[PDB]
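Novice: One file is attached below, work.cif, containing mmCIF, C-alpha atoms.
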```
data_my_file
#
loop_
_atom_site.label_atom_id
_atom_site.label_comp_id
_atom_site.auth_asym_id
_atom_site.auth_seq_id
_atom_site.Cartn_x
_atom_site.Cartn_y
_atom_site.Cartn_z
CA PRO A 52 98.14 79.39 101.56
CA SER A 53 101.00 81.61 102.72
CA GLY A 54 101.25 84.57 105.09
CA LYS A 55 99.74 87.88 104.00
CA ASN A 56 100.18 91.24 105.70
CA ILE A 57 98.56 94.35 107.22
CA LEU A 58 100.37 97.09 109.16
CA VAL A 59 98.15 98.47 111.92
CA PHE A 60 99.92 101.42 113.56
CA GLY A 61 99.51 102.58 117.15
CA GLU A 62 101.56 105.58 118.31
CA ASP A 63 103.73 104.30 121.20
CA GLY A 64 101.07 101.85 122.29
CA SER A 65 99.24 103.95 124.90
CA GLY A 66 96.71 101.42 126.19
CA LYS A 67 95.98 98.93 123.41
CA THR A 68 94.05 96.68 125.81
CA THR A 69 90.44 97.42 124.77
CA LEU A 70 91.29 98.14 121.12
CA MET A 71 93.42 95.00 120.84
CA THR A 72 90.80 92.86 122.61
CA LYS A 73 88.14 94.12 120.21
CA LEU A 74 90.26 92.83 117.31
CA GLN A 75 92.68 90.15 118.54
CA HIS A 79 104.13 91.86 122.99
CA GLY A 80 107.32 92.26 125.00
CA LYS A 81 105.99 95.10 127.14
CA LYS A 82 103.29 97.81 127.07
CA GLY A 83 105.67 99.82 124.87
CA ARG A 84 107.76 97.32 122.83
CA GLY A 85 107.65 98.82 119.34
CA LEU A 86 106.70 97.35 115.93
CA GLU A 87 106.08 93.72 116.87
CA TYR A 88 104.67 91.17 114.46
CA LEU A 89 101.03 90.47 115.33
CA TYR A 90 98.62 88.57 113.13
CA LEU A 91 95.11 87.66 111.95
CA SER A 92 93.51 85.26 109.44
CA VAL A 93 90.77 85.12 106.78
CA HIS A 94 88.39 82.28 105.99
CA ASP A 95 86.71 80.32 103.17
CA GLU A 96 83.25 79.57 104.72
CA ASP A 97 84.41 76.50 106.62
CA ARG A 98 87.78 76.99 108.40
CA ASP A 99 91.27 78.47 107.88
CA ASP A 100 93.35 77.30 104.90
CA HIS A 101 96.86 78.47 106.01
CA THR A 102 95.79 81.97 104.97
CA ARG A 103 97.91 83.81 107.53
CA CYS A 104 96.49 87.25 106.72
CA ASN A 105 98.54 88.83 109.49
CA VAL A 106 97.44 92.16 110.94
CA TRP A 107 100.50 93.40 112.84
CA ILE A 108 99.19 95.86 115.44
CA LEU A 109 102.50 97.65 115.90
CA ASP A 110 102.12 99.37 119.28
CA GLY A 111 104.84 101.91 118.58
CA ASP A 112 107.75 102.02 116.17
CA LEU A 113 110.75 103.54 118.03
CA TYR A 114 113.48 103.38 115.35
CA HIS A 115 111.71 100.33 113.92
CA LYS A 116 110.96 101.27 110.30
CA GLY A 117 112.49 97.98 109.19
CA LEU A 118 110.28 96.03 111.59
CA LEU A 119 107.21 97.94 110.39
CA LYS A 120 108.19 97.20 106.78
CA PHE A 121 108.80 93.53 107.63
CA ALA A 122 105.33 93.45 109.17
CA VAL A 123 103.71 94.73 105.97
CA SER A 124 105.54 92.27 103.73
CA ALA A 125 105.23 92.23 99.94
CA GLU A 126 103.13 89.03 100.16
CA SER A 127 100.00 91.15 100.72
CA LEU A 128 99.68 92.21 97.06
CA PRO A 129 96.24 90.57 96.87
CA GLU A 130 95.05 91.80 100.29
CA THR A 131 96.68 94.53 102.42
CA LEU A 132 94.05 96.11 104.70
CA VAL A 133 95.67 97.72 107.72
CA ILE A 134 93.11 98.10 110.52
CA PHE A 135 94.75 100.38 113.10
CA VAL A 136 93.28 101.55 116.41
CA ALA A 137 92.38 105.18 117.05
CA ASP A 138 91.05 107.61 119.63
CA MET A 139 87.59 109.03 119.04
CA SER A 140 87.80 111.39 122.03
CA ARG A 141 88.27 114.43 119.74
CA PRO A 142 88.18 115.23 116.01
CA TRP A 143 91.92 115.89 115.88
CA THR A 144 92.82 112.41 117.11
CA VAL A 145 90.30 110.76 114.76
CA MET A 146 91.45 112.65 111.65
CA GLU A 147 95.09 112.34 112.74
CA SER A 148 94.80 108.59 113.24
CA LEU A 149 93.06 108.08 109.88
CA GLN A 150 95.58 110.19 107.94
CA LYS A 151 98.34 108.60 110.01
CA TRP A 152 97.05 105.15 109.05
CA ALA A 153 97.13 105.96 105.34
CA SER A 154 100.53 107.67 105.71
CA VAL A 155 101.84 104.74 107.78
CA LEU A 156 100.88 102.29 105.04
CA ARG A 157 102.52 104.56 102.46
CA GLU A 158 105.58 104.91 104.72
CA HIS A 159 105.94 101.15 105.17
CA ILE A 160 105.64 100.77 101.40
CA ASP A 161 107.77 103.68 100.07
CA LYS A 162 110.37 103.35 102.85
CA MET A 163 110.83 99.75 101.70
CA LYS A 164 109.88 99.70 97.99
CA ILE A 165 112.42 102.35 96.86
CA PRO A 166 113.86 99.85 94.33
CA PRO A 167 110.57 99.06 92.52
CA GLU A 168 108.49 101.53 90.50
CA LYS A 169 105.99 99.58 88.35
CA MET A 170 103.95 98.71 91.47
CA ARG A 171 101.67 101.73 90.95
CA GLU A 172 101.41 100.76 87.27
CA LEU A 173 100.05 97.28 88.05
CA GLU A 174 98.07 98.71 90.96
CA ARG A 175 96.24 101.00 88.51
CA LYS A 176 94.51 98.14 86.66
CA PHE A 177 94.18 95.84 89.69
CA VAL A 178 92.85 98.56 92.03
CA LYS A 179 90.69 99.88 89.20
CA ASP A 180 88.96 96.51 88.87
CA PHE A 181 88.85 96.23 92.68
CA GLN A 182 87.70 99.69 93.84
CA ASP A 183 85.49 100.05 90.73
CA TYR A 184 82.92 97.68 92.23
CA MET A 185 83.39 99.25 95.68
CA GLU A 186 83.35 103.00 95.00
CA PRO A 187 79.55 103.54 94.97
CA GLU A 188 76.81 102.56 97.46
CA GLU A 189 77.83 104.85 100.32
CA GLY A 190 74.77 103.93 102.36
CA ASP A 216 81.54 107.34 93.14
CA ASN A 217 83.93 110.30 92.97
CA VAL A 218 85.86 111.16 96.14
CA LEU A 219 89.17 113.03 96.10
CA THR A 220 91.40 110.18 97.26
CA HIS A 221 95.21 110.06 97.38
CA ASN A 222 97.70 109.48 94.53
CA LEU A 223 97.43 105.68 94.79
CA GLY A 224 95.44 103.02 96.61
CA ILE A 225 96.45 101.75 100.05
CA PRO A 226 93.69 100.08 102.07
CA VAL A 227 93.90 101.53 105.57
CA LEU A 228 90.89 100.70 107.74
CA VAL A 229 90.62 103.60 110.20
CA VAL A 230 89.03 101.88 113.21
CA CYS A 231 87.96 104.86 115.33
CA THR A 232 87.98 103.51 118.89
CA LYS A 233 87.88 105.20 122.32
CA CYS A 234 84.56 106.99 121.81
CA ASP A 235 83.68 106.34 125.47
CA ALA A 236 85.99 109.24 126.28
CA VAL A 237 84.37 111.28 123.50
CA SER A 238 81.67 112.40 125.94
CA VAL A 239 84.22 113.57 128.54
CA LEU A 240 86.24 115.43 125.90
CA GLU A 241 83.06 116.88 124.37
CA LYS A 242 81.71 118.09 127.70
CA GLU A 243 85.00 119.46 129.06
CA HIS A 244 85.34 121.89 126.14
CA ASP A 245 81.87 122.14 124.57
CA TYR A 246 79.44 120.92 127.31
CA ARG A 247 77.48 119.00 124.63
CA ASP A 248 78.03 116.67 121.67
CA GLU A 249 79.84 119.36 119.61
CA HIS A 250 83.19 117.57 119.72
CA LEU A 251 81.35 114.32 118.93
CA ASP A 252 79.84 115.82 115.78
CA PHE A 253 83.28 117.28 115.05
CA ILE A 254 84.84 113.81 115.27
CA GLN A 255 82.11 112.51 112.97
CA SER A 256 82.92 115.31 110.52
CA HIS A 257 86.64 114.52 110.85
CA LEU A 258 86.00 110.90 109.92
CA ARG A 259 83.74 111.99 107.04
CA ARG A 260 86.28 114.51 105.69
CA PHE A 261 89.13 112.00 105.89
CA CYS A 262 86.87 109.44 104.20
CA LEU A 263 86.02 111.76 101.30
CA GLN A 264 89.71 112.65 101.15
CA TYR A 265 90.80 109.00 101.14
CA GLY A 266 87.92 106.67 100.21
CA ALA A 267 87.66 104.03 102.95
CA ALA A 268 85.70 102.83 105.98
CA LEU A 269 85.36 105.45 108.70
CA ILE A 270 83.80 102.88 111.03
CA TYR A 271 83.67 104.40 114.51
CA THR A 272 82.97 102.45 117.69
CA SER A 273 81.59 103.64 121.03
CA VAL A 274 80.68 101.97 124.33
CA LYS A 275 78.92 98.76 123.19
CA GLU A 276 78.31 99.98 119.63
CA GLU A 277 79.54 99.10 116.12
CA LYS A 278 82.17 96.41 116.75
CA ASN A 279 83.08 96.00 113.07
CA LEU A 280 86.72 96.99 112.47
CA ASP A 281 87.87 93.97 110.42
CA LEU A 282 84.47 93.65 108.70
CA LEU A 283 85.29 96.18 105.97
CA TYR A 284 88.76 94.66 105.62
CA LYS A 285 87.18 91.25 105.05
CA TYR A 286 84.60 92.59 102.59
CA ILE A 287 87.34 94.38 100.64
CA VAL A 288 90.26 91.94 101.07
CA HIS A 289 90.85 90.47 97.60
CA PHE A 296 80.34 89.19 110.32
CA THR A 297 78.43 92.48 109.88
CA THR A 298 79.12 96.23 109.69
CA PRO A 299 76.69 99.14 110.30
CA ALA A 300 76.90 102.88 109.52
CA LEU A 301 75.05 105.64 111.38
CA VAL A 302 75.84 108.91 113.19
CA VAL A 303 72.43 109.82 114.64
CA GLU A 304 73.32 108.30 118.02
CA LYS A 305 76.13 110.93 118.33
CA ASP A 306 78.47 108.29 119.82
CA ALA A 307 79.97 106.25 116.94
CA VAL A 308 79.83 107.57 113.36
CA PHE A 309 80.42 104.28 111.56
CA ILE A 310 81.06 104.30 107.81
CA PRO A 311 81.67 101.45 105.33
CA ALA A 312 84.49 101.03 102.82
CA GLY A 313 82.99 103.24 100.14
CA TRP A 314 81.30 105.77 102.38
CA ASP A 315 82.99 108.91 101.04
CA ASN A 316 81.27 112.17 100.11
CA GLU A 317 81.69 115.88 100.78
CA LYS A 318 78.31 117.55 100.06
CA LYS A 319 75.62 116.75 102.63
CA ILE A 320 78.16 115.93 105.34
CA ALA A 321 80.08 119.10 104.51
CA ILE A 322 76.91 121.20 104.63
CA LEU A 323 75.94 119.68 107.99
CA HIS A 324 79.50 120.08 109.32
CA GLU A 325 78.60 123.49 110.79
CA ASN A 326 77.96 121.97 114.25
CA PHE A 327 79.96 124.43 116.44
CA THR A 328 82.17 125.14 113.38
CA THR A 329 82.02 126.06 109.69
CA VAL A 330 81.20 124.02 106.58
CA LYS A 331 83.78 121.49 105.20
CA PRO A 332 86.36 122.18 107.94
CA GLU A 333 89.68 120.49 108.61
CA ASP A 334 91.10 123.18 110.92
CA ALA A 335 89.66 121.37 113.97
CA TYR A 336 92.38 118.74 113.62
CA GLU A 337 95.14 121.35 113.34
CA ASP A 338 93.65 123.67 115.98
CA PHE A 339 92.92 120.73 118.29
CA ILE A 340 95.94 118.40 118.04
CA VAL A 361 131.00 127.24 153.84
CA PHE A 362 133.80 129.17 152.11
CA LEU A 363 131.64 132.14 151.14
CA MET A 364 130.01 131.92 154.56
CA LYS A 365 133.37 132.17 156.33
CA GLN A 366 134.34 135.04 154.02
CA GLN A 367 131.05 136.78 154.86
CA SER A 368 131.67 136.22 158.58
CA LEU A 369 135.17 137.71 158.28
CA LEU A 370 133.86 140.73 156.37
CA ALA A 371 131.06 141.18 158.93
CA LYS A 372 133.54 141.12 161.81
CA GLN A 373 135.84 143.47 159.80
CA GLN B 984 102.10 76.91 102.10
CA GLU B 985 103.91 74.82 104.72
CA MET B 986 107.15 76.83 104.46
CA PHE B 987 106.20 79.16 107.36
CA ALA B 988 109.59 78.63 109.05
CA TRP B 989 112.46 79.77 106.77
CA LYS B 990 110.79 82.95 105.48
CA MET B 991 109.50 83.75 108.97
CA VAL B 992 113.00 83.39 110.42
CA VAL B 993 114.54 85.59 107.71
CA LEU B 994 111.94 88.34 108.10
CA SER B 995 112.33 87.92 111.86
CA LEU B 996 116.12 88.35 111.66
CA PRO B 997 115.47 91.53 109.72
CA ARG B 998 112.84 92.65 112.24
CA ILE B 999 114.98 91.51 115.20
CA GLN B 1000 117.80 93.77 114.05
CA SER B 1001 115.20 96.45 113.35
CA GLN B 1002 113.64 95.96 116.80
CA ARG B 1003 116.56 95.66 119.28
CA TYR B 1004 117.66 99.23 118.44
CA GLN B 1005 114.95 101.73 119.57
CA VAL B 1006 117.38 104.66 118.90
CA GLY B 1007 118.89 103.90 122.42
CA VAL B 1008 117.12 107.02 123.75
CA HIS B 1009 114.91 108.45 120.90
CA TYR B 1010 114.48 111.41 123.37
CA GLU B 1011 111.56 109.27 124.69
CA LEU B 1012 112.56 105.56 124.64
CA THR B 1013 109.80 104.59 127.10
CA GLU B 1014 106.02 104.74 127.36
CA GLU B 1015 106.10 108.51 127.97
CA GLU B 1016 108.23 111.15 129.68
CA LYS B 1017 108.38 111.94 133.38
CA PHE B 1018 104.99 112.65 134.98
CA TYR B 1019 103.04 112.96 138.24
CA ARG B 1020 102.06 109.92 140.32
CA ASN B 1021 98.72 109.44 142.09
CA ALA B 1022 99.25 108.61 145.79
CA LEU B 1023 102.57 107.07 146.92
CA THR B 1024 106.10 108.11 147.90
CA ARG B 1025 107.29 108.59 144.30
CA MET B 1026 106.29 112.15 143.34
CA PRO B 1027 109.78 112.83 141.92
CA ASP B 1028 110.38 109.34 140.59
CA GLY B 1029 111.98 108.57 137.24
CA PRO B 1030 108.87 106.87 135.80
CA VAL B 1031 106.42 104.06 136.61
CA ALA B 1032 108.36 102.00 134.05
CA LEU B 1033 111.99 103.24 134.29
CA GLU B 1034 113.31 99.70 134.64
CA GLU B 1035 110.61 98.55 132.21
CA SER B 1036 111.72 101.17 129.66
CA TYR B 1037 114.65 98.85 129.12
CA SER B 1038 112.13 96.03 128.93
CA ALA B 1039 110.13 98.02 126.37
CA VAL B 1040 112.91 99.02 123.95
CA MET B 1041 114.35 95.50 124.49
CA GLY B 1042 110.94 93.75 124.35
CA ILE B 1043 110.43 94.84 120.77
CA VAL B 1044 112.98 92.23 119.64
CA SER B 1045 111.61 89.76 122.20
CA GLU B 1046 108.07 90.17 120.83
CA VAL B 1047 109.42 89.59 117.34
CA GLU B 1048 111.36 86.44 118.38
CA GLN B 1049 108.30 85.04 120.15
CA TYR B 1050 105.62 85.92 117.56
CA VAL B 1051 107.89 84.99 114.64
CA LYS B 1052 106.31 81.52 114.37
CA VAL B 1053 104.68 81.70 110.94
#
```
Let me see whether you can do it: turn the structure in this file into structure tokens.
Specialist:
Amino acid sequence: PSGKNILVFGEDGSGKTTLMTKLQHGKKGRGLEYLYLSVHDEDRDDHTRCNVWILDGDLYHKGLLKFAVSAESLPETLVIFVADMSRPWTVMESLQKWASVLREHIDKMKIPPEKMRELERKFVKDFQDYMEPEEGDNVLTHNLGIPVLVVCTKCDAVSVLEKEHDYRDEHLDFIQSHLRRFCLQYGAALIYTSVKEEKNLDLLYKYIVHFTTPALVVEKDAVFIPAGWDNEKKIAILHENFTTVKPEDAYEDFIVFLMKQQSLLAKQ
Amino acid sequence: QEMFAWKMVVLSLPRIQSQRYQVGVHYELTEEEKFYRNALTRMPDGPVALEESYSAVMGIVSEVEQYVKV
């Protein structure tokens, strides 16, 4: 096979050690490098270079980010970017930023073509049709379909951020609600990961390309969700934990000449 | 596909030109802005990576040239 693509986006890097080690540069802040990954066929690799470029920053590198998400990923383009589950603003911001980064790498590079959404309608209809239900459907997703796996990492700092401003798991439930709202607003896998819990970021990407992955939020540490877990009724009604029902405001409200002259005047 | 060299070099050349130009300053061409140190004689230093800021905005193209294998 040939080389596919995925454009994982990380804002200026900012410590991609644990997040990169859980999944797979010139410096700690290089900027839109070309990382990779691979898929399998039950026995080994068959030159299927399904690259997952974890671009740790993109300082004036829109062309490098577009080169990373090449057009060869028409059959499988699942960007699995890192995130910060310390607060709801960072979780919702990273998920929406992942979808917008995939759309930016596409639209900032595919300005010449226009029938891509036309072919994507039938292809993504046959693809997401068998993946919309079984959320553990009808979710208000975006205008088109861009698979962006929002891997919510850094939930080990979720307790410190939740106790510094709420002294309980209120910010944790808020981050869970942020992931759920972005999921119902986009239709993907809001798989969150905490300290030694739910290490399944590329699992949803592998199950929805053309391993294991759980989904639970009762532990109040990692609200994992599969690619298809998107609803806004029970989660929106139970979103009142230290807030209102179906809220998104948490993301927005949480993101010696003069000396000689003086001597002469003093002497007078 | 065993042609992982020509296409990789072309996309690399595009990414190398789109990587060796991190806006030259970008108002923040480094890991972050100036900040406070922990315990040393550099409380009013430039940054912990001032010389490495060059290595960062330069390292983008280096990371592309090195990981541009396939």
Novice: Mind listing as an MDAnalysis selection string which residues of chain A are within 9 Å of chain B, counting all atoms listed in the file?
Specialist: chainID A and resid 52:54 63:65 79:90 101:103 112:122 124
Novice: Quick one: residues within 7 Å of residue A:251, all atoms listed in the file counted, chain neighbours fewer than 3 positions away excluded, as a PyMOL selection string?
Specialist: chain A and resi 141+237+241+248+254-255+305-306
Novice: Given the PyMOL selection byres ((chain A and resi 257) around 9) and the file above, list the residues it selects as a PyMOL selection string.
Specialist: chain A and resi 142-143+145-147+252-256+258-262+332-333+335-336
Novice: By how many Å are atom CA of residue A:190 and atom CA of residue A:69 apart?
Specialist: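 These two atoms are separated by 28.1 Å.
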Novice: What is the distance between atom CA of residue A:59 and atom CA of residue A:249, in Å to one decimal?
Specialist: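 If I compute the distance from atom CA of residue A:59 to atom CA of residue A:249, I get 28.8 Å.
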Novice: For residue A:135, which residue out of A:323, A:268, A:301, A:178 is the nearest one, using only C-alpha atoms?
Specialist: A:268
Novice: Counting only C-alpha atoms, what is within 7 Å of residue A:132, bar same-chain residues fewer than 4 positions away, as a PyMOL selection string?
Specialist: chain A and resi 57+226-228+284+288
Novice: What would the selection look like, as a ChimeraX atom specification, if the PyMOL selection byres ((chain A and resi 171) around 12) were run on the coordinates I just shared?
Specialist: /A:128,157,160-161,164,167-170,172-179,222-225
Novice: Would you compute the distance between atom CA of residue A:281 and atom CA of residue A:217? Give it in Å to one decimal.
Specialist: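 Distance reported for this atom pair: 24.2 Å.
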Novice: Here's a test: counting all atoms listed in the file, identify every protein, DNA and RNA residue with an atom at most 9 Å from (96.6, 98.9, 110.0) in the file's coordinate frame, and state them as a list in words.
Specialist: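 Final list of nearby residues, as requested, is residues 57, 58, 59, 60, 61, 106, 107, 108, 109, 131, 132, 133, 134, 135, 136, 152, 153, 155, 156, 226, 227, 228, 229 and 230 of chain A.
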Novice: As a check of understanding, name the residues that the PyMOL selection byres ((chain A and resi 287) around 9) selects in the supplied structure, as a PyMOL selection string.
Specialist: chain A and resi 130+132+181-182+185+226+282-286+288-289+312
Novice: Find the axis-aligned box for stretch 1018-1036 of chain B, covering all its listed atoms and adding 6 Å on each side, and write its centre and edge lengths in Å to one decimal as lines of an AutoDock Vina configuration file.
Specialist:
```
center_x = 106.0
center_y = 105.8
center_z = 138.8
size_x = 26.6
size_y = 26.4
size_z = 30.2
```
Novice: Under the rule that all atoms listed in the file are counted, which of A:271, A:265, A:309, A:327 is the nearest residue to residue A:140?
Specialist: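 Looking only at the distances to residue A:140, the closest residue turns out to be A:271.
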Novice: Fix up stretch 1012-1041 of chain B with N, CA and C atoms, then write it as a short mmCIF file (atom, residue, chain, number, x, y, z; two decimals), in the coordinates of the input.
Specialist:
```
data_model
loop_
_atom_site.label_atom_id
_atom_site.label_comp_id
_atom_site.auth_asym_id
_atom_site.auth_seq_id
_atom_site.Cartn_x
_atom_site.Cartn_y
_atom_site.Cartn_z
N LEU B 1012 112.63 107.02 124.76
CA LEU B 1012 112.56 105.56 124.64
C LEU B 1012 111.89 104.88 125.83
N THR B 1013 110.60 105.15 126.02
CA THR B 1013 109.80 104.59 127.10
C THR B 1013 108.35 104.80 126.71
N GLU B 1014 107.43 104.54 127.64
CA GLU B 1014 106.02 104.74 127.36
C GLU B 1014 105.67 106.21 127.20
N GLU B 1015 106.29 107.06 128.00
CA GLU B 1015 106.10 108.51 127.97
C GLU B 1015 107.29 109.13 128.70
N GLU B 1016 107.20 110.43 128.96
CA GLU B 1016 108.23 111.15 129.68
C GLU B 1016 107.92 111.09 131.16
N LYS B 1017 108.61 111.91 131.95
CA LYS B 1017 108.38 111.94 133.38
C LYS B 1017 107.03 112.60 133.65
N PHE B 1018 106.30 112.10 134.66
CA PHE B 1018 104.99 112.65 134.98
C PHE B 1018 104.70 112.58 136.49
N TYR B 1019 103.47 112.94 136.84
CA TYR B 1019 103.04 112.96 138.24
C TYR B 1019 102.33 111.66 138.62
N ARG B 1020 102.66 111.15 139.80
CA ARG B 1020 102.06 109.92 140.32
C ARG B 1020 100.72 110.24 140.96
N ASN B 1021 100.03 109.22 141.47
CA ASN B 1021 98.72 109.44 142.09
C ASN B 1021 98.79 109.60 143.60
N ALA B 1022 99.16 108.54 144.33
CA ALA B 1022 99.25 108.61 145.79
C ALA B 1022 100.23 107.54 146.26
N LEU B 1023 101.48 107.93 146.46
CA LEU B 1023 102.57 107.07 146.92
C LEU B 1023 103.76 107.97 147.21
N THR B 1024 104.87 107.36 147.60
CA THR B 1024 106.10 108.11 147.90
C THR B 1024 107.03 108.15 146.69
N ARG B 1025 106.51 108.52 145.53
CA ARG B 1025 107.29 108.59 144.30
C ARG B 1025 106.87 109.79 143.44
N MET B 1026 106.70 110.95 144.08
CA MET B 1026 106.29 112.15 143.34
C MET B 1026 107.38 112.65 142.40
N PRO B 1027 108.64 112.41 142.74
CA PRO B 1027 109.78 112.83 141.92
C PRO B 1027 110.52 111.61 141.41
N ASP B 1028 109.78 110.56 141.10
CA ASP B 1028 110.38 109.34 140.59
C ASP B 1028 110.79 109.52 139.14
N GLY B 1029 111.54 108.54 138.62
CA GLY B 1029 111.98 108.57 137.24
C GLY B 1029 110.78 108.39 136.33
N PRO B 1030 110.07 107.28 136.52
CA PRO B 1030 108.87 106.87 135.80
C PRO B 1030 108.32 105.61 136.46
N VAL B 1031 107.08 105.27 136.11
CA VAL B 1031 106.42 104.06 136.61
C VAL B 1031 106.97 102.83 135.92
N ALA B 1032 107.72 103.03 134.84
CA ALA B 1032 108.36 102.00 134.05
C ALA B 1032 109.79 102.33 133.68
N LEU B 1033 110.59 102.90 134.60
CA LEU B 1033 111.99 103.24 134.29
C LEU B 1033 112.80 101.99 134.02
N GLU B 1034 112.64 100.97 134.86
CA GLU B 1034 113.31 99.70 134.64
C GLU B 1034 112.64 98.94 133.51
N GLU B 1035 111.35 99.19 133.29
CA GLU B 1035 110.61 98.55 132.21
C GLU B 1035 110.81 99.28 130.89
N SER B 1036 111.42 100.47 130.90
CA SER B 1036 111.72 101.17 129.66
C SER B 1036 112.75 100.37 128.90
N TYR B 1037 113.67 99.77 129.67
CA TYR B 1037 114.65 98.85 129.12
C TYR B 1037 113.93 97.64 128.58
N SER B 1038 112.93 97.17 129.34
CA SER B 1038 112.13 96.03 128.93
C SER B 1038 111.29 96.37 127.71
N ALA B 1039 110.91 97.64 127.54
CA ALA B 1039 110.13 98.02 126.37
C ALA B 1039 110.98 98.05 125.10
N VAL B 1040 112.02 98.89 125.11
CA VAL B 1040 112.91 99.02 123.95
C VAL B 1040 113.69 97.73 123.69
N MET B 1041 113.73 96.80 124.65
CA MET B 1041 114.35 95.50 124.49
C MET B 1041 113.33 94.46 124.05
#
```
